[PDB]
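Neighbour counts are summed over all protein chains in view; Cβ atoms, including those assigned to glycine, are modelled from backbone coordinates with ideal geometry. Here, each number is a calculation from the coordinates, and none is a lab measurement.
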Amino acid sequence: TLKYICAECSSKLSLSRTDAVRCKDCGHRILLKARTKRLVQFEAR
Amino acid sequence: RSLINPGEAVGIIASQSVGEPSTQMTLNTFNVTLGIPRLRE
Amino acid sequence: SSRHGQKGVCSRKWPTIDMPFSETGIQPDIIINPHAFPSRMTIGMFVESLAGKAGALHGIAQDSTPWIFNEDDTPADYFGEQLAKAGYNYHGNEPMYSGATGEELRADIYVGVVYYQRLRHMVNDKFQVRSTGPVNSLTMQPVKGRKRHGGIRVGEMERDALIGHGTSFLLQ
Amino acid sequence: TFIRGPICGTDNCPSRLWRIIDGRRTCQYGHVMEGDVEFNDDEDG
Amino acid sequence: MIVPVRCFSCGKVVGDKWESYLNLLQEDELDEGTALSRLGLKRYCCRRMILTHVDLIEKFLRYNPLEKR
Amino acid sequence: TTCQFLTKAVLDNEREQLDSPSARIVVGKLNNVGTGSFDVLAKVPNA
Amino acid sequence: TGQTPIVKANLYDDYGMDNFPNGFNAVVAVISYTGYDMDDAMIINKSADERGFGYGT
Amino acid sequence: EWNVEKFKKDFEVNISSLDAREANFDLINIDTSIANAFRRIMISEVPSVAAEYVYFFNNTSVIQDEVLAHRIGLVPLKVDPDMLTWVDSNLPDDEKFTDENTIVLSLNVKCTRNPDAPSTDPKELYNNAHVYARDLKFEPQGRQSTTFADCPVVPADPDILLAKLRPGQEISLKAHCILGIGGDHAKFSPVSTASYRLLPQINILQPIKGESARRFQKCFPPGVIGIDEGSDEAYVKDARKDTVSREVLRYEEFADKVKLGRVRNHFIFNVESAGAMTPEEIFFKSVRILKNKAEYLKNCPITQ
Amino acid sequence: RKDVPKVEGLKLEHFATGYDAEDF
Amino acid sequence: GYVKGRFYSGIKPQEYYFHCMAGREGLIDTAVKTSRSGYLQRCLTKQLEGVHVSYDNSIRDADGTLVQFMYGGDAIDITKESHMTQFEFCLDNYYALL
Amino acid sequence: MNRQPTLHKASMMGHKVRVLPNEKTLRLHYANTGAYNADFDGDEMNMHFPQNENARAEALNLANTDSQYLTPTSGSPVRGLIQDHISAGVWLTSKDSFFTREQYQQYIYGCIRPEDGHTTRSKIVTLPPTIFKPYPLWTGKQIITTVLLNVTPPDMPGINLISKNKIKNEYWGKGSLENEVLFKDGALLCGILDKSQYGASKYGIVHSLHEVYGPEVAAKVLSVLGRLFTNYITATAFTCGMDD
Amino acid sequence: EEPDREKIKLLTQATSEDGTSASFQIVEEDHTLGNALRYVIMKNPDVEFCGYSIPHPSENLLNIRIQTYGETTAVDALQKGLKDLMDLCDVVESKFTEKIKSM
Amino acid sequence: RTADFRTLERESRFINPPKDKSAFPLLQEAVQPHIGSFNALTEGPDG
Amino acid sequence: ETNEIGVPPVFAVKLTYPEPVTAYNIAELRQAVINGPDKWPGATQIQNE
């Protein structure tokens, strides 16, 4: 289950098609994408 | 064995040997028209 | 850059072992050429070097506001006594050895602690190389642009250098 | 990488095309056709 | 940000000495001079790395986008 | 003043002899100041 | 990795420039040793770099 | 006429101290080009185990991923070398790490709010707010359970502060720790500072008896110059104690009466450790690497 | 003008290798 | 404006200020340096551009219109007359220069 | 190779190619910084690579750096060592500079390597020392004799030169003659070497080898002295402190 | 059967046909061994010239050049300096073992 | 002593921002030319 | 050397020179085609007759 985060009230929030791009608890518009469990790799340098 | 060779581009060399050290006389009074504005005349 | 206008590019990330180690065992992080100093007269950096080493030893911070010191109260004698009180040389110098040959260096090397800075304009966006590239549509000449990676310009003045050498086939 | 275009010459390669270092299109078997010069413009109201 | 793990110049492990050093200045009320020598920082290349640290992470941590307020 | 001299060259009906180096680079001819100031000829043995 | 200056003015503290660390302290040796440093060129230590030294994003 | 039996009759080792992390010892009557090579190898060629590849699964903390992967690499692990073998460079990734090359560590830390009375210190106020180096959990992969059971992989300094968190944030990673030499990256360097100094030599020239010998005490460390009277005037007790500060050469009573040189074949090595190995044992590795650097050049052909 | 005030209580903190605090 | 101080010991706040004035009067002659001789050299190098030594040592333009009969009076390259009058150096090095 | 404001023809010279690993920048000698008028703080230079043998022959014989030694404006030399090689010859050719035998053989092969083609004799020839009995030692002026002994051709006799330094005689002491430079049959016999000799300076030793032995010998001496006073600086450093 | 033929490479362009003057080229070496080997080679009474030289700091190469007087080639004198450097490391290891066993 | 870095006063201020009044008041006196100028549009005498 | 420029390996594997293959250079131009345009003393493309 992919989700997002409201930038204002910090509530985790998934979003579907035919939805207003808003938070659903506060009415905030700016709504940043959370990070999920996914493999990236690095040299330890 | 110290002579100018034929075909030598003495026109370009003479024009570069004047225009290059006139990138070195851009400065002001440390009467007579000084430096590059005398050379522009 | 230090805080005295002594900027410089990194010439080489120089390996650790062949780099002059000290009696203490410390190896310097930055080697700066002593020839950059006579033409620039940054002596605020020679006094910062032995004020940041006295302040690293004793655990203190030294004020460096201008006009604290005076011509009877020279800071080379102020901060110099703080290095002599810690058992270092009075003049900031330290005995260094060679990293390559292992032998001791000739004279004692002026080492200290200087507050350095790093400038935001970096050389990562500079180079390009061109071998065949895209061309222009009207003149069939190579195209301008580091994005298209082509088009180094032999302009009006660089043509005159190739005439002035007399080489006709480097101009051709 | 590959951009499908016409078949190729040499009576060897019938294949698609592929651009090469910055300036010209080749087949994938090495052969390259002529006049392929990519005609990109400059930029200089 | 956080304390560097190693000394830049010599290479002695320094990053375990930041929380100890702030107890030596708060609890024991020592100076910066004796608090470094008790931790074993005896070369001035590695004394200047605990002595001089800013610890900006506690200023970055106040902006948490994953919790309310 | 390019087309100032261009109209002057047409109303004169001028032949350009192509020997100044700025005229050889335009038409692509080899410049003749230096190594272009002579011709190399190869000696062949058979008649 | 910012650091405060050991050598600083007292107006460094009044403006609160510690909140914005512009720079780091370095053990600097004024020496002509390598031959790679003339005409405003400087030599960084490699192991200083590997351990993080003026690293930035 | 130089001979290796002449070297064996006049080579001494005088060990000053030997702690579990630092060793101090003198080498006498060896050349500066040979003793440099021992310092040279202890920093560079002597191998060690450091984390090299770091695999993040979720890092939502403030510290960047490429920074936190760099801080794990600088953590010294307490793994004995000559248990791991050298990884191969030109074999692909599915075959590269084995249970014989690689040690796998991991880290899974989530921060949560803690209900506490109240300003307030974050060890009271958040659960798992400081990530330390001892939280790198060793995962014995493959056959590393019958061979690392006596010696589990622990960081040599377990209190290295790796990261900091606030609730909601987490770090979840898995680092592969491989063997390497310090000349490649400085994190494989087995020693904090392996260095030597050359033994100072203080040659008093005139007899400097009297009250002047009291102010010749002060121009050196206290365990350097000794005084009795005008008889037994000023003799060097322990020149090894002296740091070469040249405080005596800035006085006018003693600009002529002393000379400050070195003993040119008396080295004083000071070898610390990163914790993985004892410092007297990374010296034996250094002296055998130089021998093995030379056998491999001896027993080796020459073509064209 | 008062001269720049000397810090009172500075001691030796550079001993040669192997010697730590053996000066009294 | 006579600074009796030195950079080893420091310059007083009054004479610190006057040295900041003299530090600026050169720096206004930094921007006026740039496009002085750019157009002057282009305008030379378009006329003196086919002018070249001929095989009879005359200095002729590209169209043949003769400019000089010898280069300088004596047809010597400047990059060759460096030890040409240094007669003492040539006598010492006679067998090496022969 | 092209510094970008090409105000004269020595701003576009013809270099040889040496491909260096592990680098991301073009990389140039200090002897070329006066010709292009470059300061090593972010100057870009265009690298033009010509494509036929009528252009390779003319970048090797006409526009190369070895023929651009004297500028055409006045005939002054524009190529020479710059900052820290100048301040090492004042120590190496000094009169305190005594080298032992193992140190003498190292500085010669540190700068001159017969594999790269620097010698003319296919074998490094040396000199007898100037001190025999207490311990065999070589003087620093005798290394400069040796590196001129190897790079100059064996048939032509040595250079004979009388010149001056920039350093007055009274800076050395009573009755010192270390201002008059003296070369006698290719042997430095008197006086230190400075900017006046192997800098971009007229009638020096490098400007005299250009006249007697030609442009390729004088090119090698700036290469050999560029490496001699770099390996001497490494083994014997140079610093500027507060007591100075 | 697998030897390694990149580690040492005699440079025939500067090697005498006599064999008494050669210039070797090691890969992956520097001042570490090249200064240790130059020291031990110069103790041979037949060596006339020896010096190491790194051509550039970038590539890991090492040139050592041995010239002998006679009756011993430089290949024959390279390997005496490798055994006496092998023998010298065993003396130091045998003394440093006693003193740990003397505490 | 001569100066001091305030290395327990900095750390107690990073963790705990001031709730009553800003520290470093010379940094708000640097822009009082700018803010006070805009404040005079809507405040002061005569509105 | 003073008459030299140090070319990076980034520049070196791009800039190419057409070398006509003859009897005296086939030993050094076979090795150029074998190395290919990744390994340095190599080649990028060959022109047919």
| task | Relative to the longest principal axis of the C-alpha atoms of chain L, give the angle of the C-alpha long axis of helix L:74-100, reported between 0 and 90° and rounded to the nearest 10°. | result | 10
| task | Compute the FRET efficiency between K:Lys123 and H:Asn292 as 1/(1 + (r/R0)^6), taking r as their Cβ-Cβ distance and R0 = 35 Å, and round to the nearest 0.05. | result | 0.55
| Charge dipole of chain E about the Cα centre (unit charges at C-beta), most positive-ward option of E:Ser37, E:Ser9, E:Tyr21 | E:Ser9
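Please get the size of the charge dipole for chain L, origin at its Cα centre, with Cβ charges of +1 on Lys and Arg and -1 on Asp and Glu, quoted in debye to the nearest 20.
440
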| remark: Once the in-chain neighbours fewer than 8 apart are removed, the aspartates and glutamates whose Cα is under 15 Å from L:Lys43 read H:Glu1, H:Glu5, H:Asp31, K:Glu102, L:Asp76, L:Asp84, L:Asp87
| note | Counting only DSSP beta bridges fully inside the stretch K:1-146, the antiparallel percentage to nearest 5 is 90
| Distribution of pairwise C-alpha distances over chain K, 5 Å bins, in % | 1, 6, 12, 16, 19, 17, 13, 9, 5, 2, 1, 0, 0
| task | Take the alpha-carbon centre of chain I, take the same for the stretch H:180-238, and report the distance between them in whole Å. | result | 17
| task | Arrange K:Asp39, C:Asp73 by Cβ neighbour counts within 10 Å, fewest through most, would you? | result | K:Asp39, C:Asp73
| note | So the angle from the long Cα axis of helix K:101-111 to the longest Cα principal axis of chain K, reported in degrees to the nearest 10, equals 10
| task | Can you pull the one-decimal nm distance between simple spin-label points at E:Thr34 and D:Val32, each 7 Å off the Cα toward Cβ? | result | 7.7
| query | Just from its helices, what would the mean residue ellipticity at 222 nm be for chain K, if runs of 4 or more DSSP H residues each count -39500 (n - 2.57) and the sum is divided by every residue, rounded to the nearest 500 deg cm²/dmol? | reply | -8000 deg cm²/dmol
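Tell me, E:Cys10, D:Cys27, J:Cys20, E:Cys46 in order of fewest to most beta-carbon neighbours within 10 Å?
J:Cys20, D:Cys27, E:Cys10, E:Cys46
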| query | So which residue, out of C:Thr101, C:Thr132, C:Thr42, gets the largest mean-square fluctuation from a GNM of chain C using Cα contacts under 10 Å as springs? | reply | C:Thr132
| request: Compute the FRET efficiency between H:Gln64 and A:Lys3 as 1/(1 + (r/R0)^6), taking r as their Cβ-Cβ distance and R0 = 22 Å, and round to the nearest 0.05. | output: 0.45
| request: Please state the charge dipole magnitude for the protein assembly as shown, taken about the Cα centre, from unit charges on C-beta atoms (+1 on K and R, -1 on D and E), reported in debye and rounded to the nearest 20. | output: 2100
| note | At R0 = 60 Å the Cβ-Cβ FRET efficiency linking M:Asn39 and D:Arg4, nearest 0.05, sits at 0.35
| Cα-derived Rg over Rh, computed across chain L with Rh taken as Kirkwood radius | 1.06
| remark: Computed about the Cα centre, the charge dipole of chain E from +1 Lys/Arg and -1 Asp/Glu charges at the Cβ has a magnitude in debye, to the nearest 20, of 400
| query | Using 7 Å Cα-to-Cβ label points, what is the J:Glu88/H:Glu124 separation (nm, one decimal)? | reply | 9.1
| message | Restricting to DSSP H runs of at least four residues, report the calculated mean residue ellipticity at 222 nm for chain H, -39500 (n - 2.57) per run over all residues, nearest 500 deg cm²/dmol. | response | -5000 deg cm²/dmol
| Nearest-ten-degree value, helix J:13-22 long axis tilted from longest Cα axis of chain J | 20
| note | When K:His85, C:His91 are ranked with the fewest other C-beta atoms within 10 Å first, the list becomes C:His91, K:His85
| task | Would you please state which residues of the stretch K:120-153 a label at K:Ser94 would reach in this model, taking the label point 7 Å out along Cα→Cβ and a backbone N cut-off of under 17 Å? | result | K:138-144
| note | Label model pair F:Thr7, K:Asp116: point-to-point distance (7 angstrom along the Cα→beta-carbon line) in nm is 6.4
